[PDB]
Every structure is written in C-alpha cells, then in structure tokens.
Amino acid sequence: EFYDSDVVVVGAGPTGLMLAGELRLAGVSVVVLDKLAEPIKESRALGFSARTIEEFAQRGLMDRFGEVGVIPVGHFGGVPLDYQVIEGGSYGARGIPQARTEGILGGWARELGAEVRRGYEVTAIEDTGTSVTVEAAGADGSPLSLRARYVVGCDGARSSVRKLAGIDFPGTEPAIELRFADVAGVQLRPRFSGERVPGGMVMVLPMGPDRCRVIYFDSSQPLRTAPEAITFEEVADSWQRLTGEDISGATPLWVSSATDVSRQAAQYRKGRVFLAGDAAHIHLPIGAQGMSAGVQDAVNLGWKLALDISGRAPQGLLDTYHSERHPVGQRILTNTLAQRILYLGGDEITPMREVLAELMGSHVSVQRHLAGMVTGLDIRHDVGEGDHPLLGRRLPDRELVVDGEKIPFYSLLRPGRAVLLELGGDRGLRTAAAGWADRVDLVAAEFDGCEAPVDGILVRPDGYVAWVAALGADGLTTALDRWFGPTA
C-alpha cells in the first residue's frame, strides 16, 4: 500500500509552487496538480512585499528575477510614508508581475525534483487514519485516483479541497466592489483620475506603453458577492457611470470583479487535509498581499510538513502551522479592511485620512504601519519559550566571518535546514548541546557586523528564532525538542 507521493499539493499557483519547493527542499516526494495546462500568463500583482523578498533570499532565489529594485516610500490606506525607518523594511519589489513569480517558482520546484502535473483537476478527496486518496481528472484518463500521506490545498479562493474536505470558511459581509483590468486597447484620457466622486472612484497606473492598469471601484452595495471574472462591459459602463467618460472602445487582457469580502477558514488543519494561501484566507486584492501571504504560509508550512513525513516529527508540529498563521491571517484581513475603509470610503473617512496623516508624522507610527503592511516584522510568532526577546520574530540579514568562512547567514537558510550561530567558544554548547550536525547546521563565527544584537541564537528553517541566549543560568537545549527530534 505504497504512496505516489508523500504530499499532493493542489494548485500550481505561487503558494503551491513555493510549498512544493520547501517540501522537496527537505526531502519530500511531492506531486502538484493544477487545473490549467498552461499558467495564467496574467500580470496580476505588480511586485510583492519585503517579507516575501526575504523568503526568496532565504532560499537564494532572487537571481532568477533579474531586476529587484525596491520602493522605499509606500502607503497605508493611501497615506504615503517612508518605509526605510524600519531596519530592513521597504514597500517591496516594484515591477515583478505575478507571471514572472510563478514562472521562476515552477522552474525552481521542478529543478528541485517536484513533479508538476498540469491538466490534473481535483474533484474529490477521502481522508483515512493513515492516508488520503484524492480523485483528480487527468487529461488522459477521465478520472485517476491518487494516494498520499497528506494533501495540501494551495488552490484558489474558490478552493475545491476546502469544500469536500469539510473546512468551514466564514468571513465578512461585502461592502465595496472593485474591478481590475489591464486595459490595452483604446487608451483612456483621464483628468479625474484619483477622485472620490459620488458614485465611486477611478484609478489608473501605467505598466507598459500599450497597457494601463485600471482599478475601478464603485460606491454601491454589491450584488454578486463572489469575486469572479467579467468582460469589459461592466468596467467600461461603470466607469462612465462615475466619470461620464466612455472607455468602451478599448480591449482588455482580462477584467475581474472582486468585493471587499474577507474570509478565513476556522482551521488550517482538518485531519490530513490542509489549506495554504488563498485557500485559507481571502480579502480585497491589491498590494500583492495575497501572493505574499500565501508564499509565507507555504514557507512556514513546508519544512514542518516535510520532516513530518520523514522521521524526526515532534508532537506540536503540523499544528503549529495553524497556531502561527491563523492569527496572521485574521490580522491581515483586519488591516486590509482598515486600509480600504480609510482609502476607498467617502466623506466619513475624510477625518480618518487626516488623523493618520498626522500620526505618520511620528516615526513610531511609521514603523508600526511599516511592520503591519510589510509583514516583515509584525509577524512575531507568539509560540515560543518565553517570547520576550526576538523569539517568534524573524532574523534579518547580517554578515558573518572567517571562523566558518566569509559566508554570511542568508546563504545558510538556503537548504531548508536549521542553523545555530556560535562564537568559536561556548564549545560545550557548540557540540555537547548540538551533536545534530546533519539535523541542523552548527556555525562558528564572530558575526557582529552592525550595531543591534549579541551572541547566542539558533533559528528555524523559515528564518524564525527559537533560542535566544546570553550566559540565562542553564543552556536550555529542549527548544531543539520543541522544533526537532531527539536523535543521535
């Protein structure tokens, strides 16, 4: 009763491909199932956030892009602020369309050994005490039934594993309707191009000389709550419904309607069926928050579900994914709700824009909103030892020295392993506390480049800290039982 794959990941979106890479990184047979025989080819989210730039640099993937310029001044709710006041913060990468991100993740995942299988469509699932058998419509055979120890739903907001798997997916009543298009045809000639006029609002930002990006929301009560694909009819007629400008003669690449519905499943784990990315949470899509949040979901999940399949799988793990990403989810839904109330709203939120504009004068508020939208630092995983200094917080880039070699530690998280940084001393804690050299990485160096921290840290494969130190009376090595196993 052998398996086809330890993990069947559903959907070759950014979330699915990232997860496949993580799993495969830590030695896990993974088959990926995607409805589409070709990727969407759609430039949806221009760029991604800076916590995501770091997830990619953790694994050494930034080269695959080519041009990784970053925007220091971004916004919150439409109030532009400087992002570089947070050490390492930024508003994210500027010009990478979703197509390019999925392209390199597909390349990386098949390069690492995953079996991407396009044209397979999940139709059913059954979950037993030792496995999961899924029902996927191959191109060749009408059905084809697969078997794995785990199935992870990385399919869309209209998730399919969610419904048959039994996941409950509650959320917020919709209040605003937003429509997107890459309009390439008869161009627009806008003069009211950012105004909150009565009826709704229009925004336009160019991305090619041919193509312009139409953001188009209207001040109404929606009627078709599900965010779905539409023709140019609605976007053009509603545009003239607000502006009196006709843009009907143009030709779109694609147009879509979405609402500010925010939903999030109550459980990220239901037996052996999972949800990562937009399968787990949805919201009003802009800023690349969905792709960024899904890629970070998948990264947090990857190494956990990876060695869960092999040995060295402790008690708490694979329930720490829910425990660490569900609050993050119910928090980004709250913050995107907040931003768009304060941004899309009319004359009731004018005071809001004013007040926050005033609060952004202060840099404590700057850094607060910084970490809120970047997802770089407000993600401090509340699950830790005492949680006081930098525990569930991530570890930022810092150069290391010759005692190991020149190599700094961003390079260290690239194999999806863990790491432990010591000073060439603390020999007892260097090896009598760590003789798991294959299990994690033990590194010896005088790593103090800049001004902020001091010695005594080992970190998780996703870049989170698990053991803060100074010599604390006893050197606690049971944190390595908290996130790894007791093996010789």
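A residue's number is simply how far along the shown sequence it sits, counting from 1.
Participant: Between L471 and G472, how many deposited residues lack coordinates (none, 1 to 3, 4 to 9, 10 or more)?
Facilitator: According to the record, 1 to 3 deposited residues lack coordinates from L471 to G472.
Participant: Mean C-alpha B-factor higher for 263-271, or for 220-228?
Facilitator: Per the deposited B-factors, the answer is 220-228.
Participant: Mean CA temperature factor from the deposited coordinates, higher in 142-150 or in 178-186?
Facilitator: So the stretch with the higher mean C-alpha B-factor is 142-150.
Participant: Of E54, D438, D462, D34, which one's C-alpha B factor is largest in the deposited record?
Facilitator: Largest recorded C-alpha B-factor: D438.
Participant: According to the deposited entry, which of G208, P396, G392, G200 has the largest Cα B-factor?
Facilitator: The C-alpha B-factor peaks, among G208, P396, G392, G200, at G392.
Participant: Can you tell me whether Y343 has a C-alpha B-factor in the lowest, middle or highest third compared with the other modelled residues of the same chain?
Facilitator: Ranked within chain, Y343 CA B lands in the lowest tercile.
Participant: Ordered by C-alpha B-factor within the chain, which third holds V443? Give me lowest, middle or highest, please.
Facilitator: Top third by C-alpha B-factor.
Participant: Ranking the modelled residues of this chain by C-alpha B-factor as given in the entry, is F409 in the lowest, middle or highest third?
Facilitator: As the PDB entry reports it, the C-alpha B-factor of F409 lands in the highest third of its chain.
Participant: If you rank every modelled residue in this chain by C-alpha B factor, which third holds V383: lowest, middle or highest?
Facilitator: Highest third - that is where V383 ends up once the chain's C-alpha B-factors are sorted.
Participant: Please place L400 in the lowest, middle or highest third of its chain by C-alpha B factor as given in the entry.
Facilitator: Highest third of the chain for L400's C-alpha B-factor.
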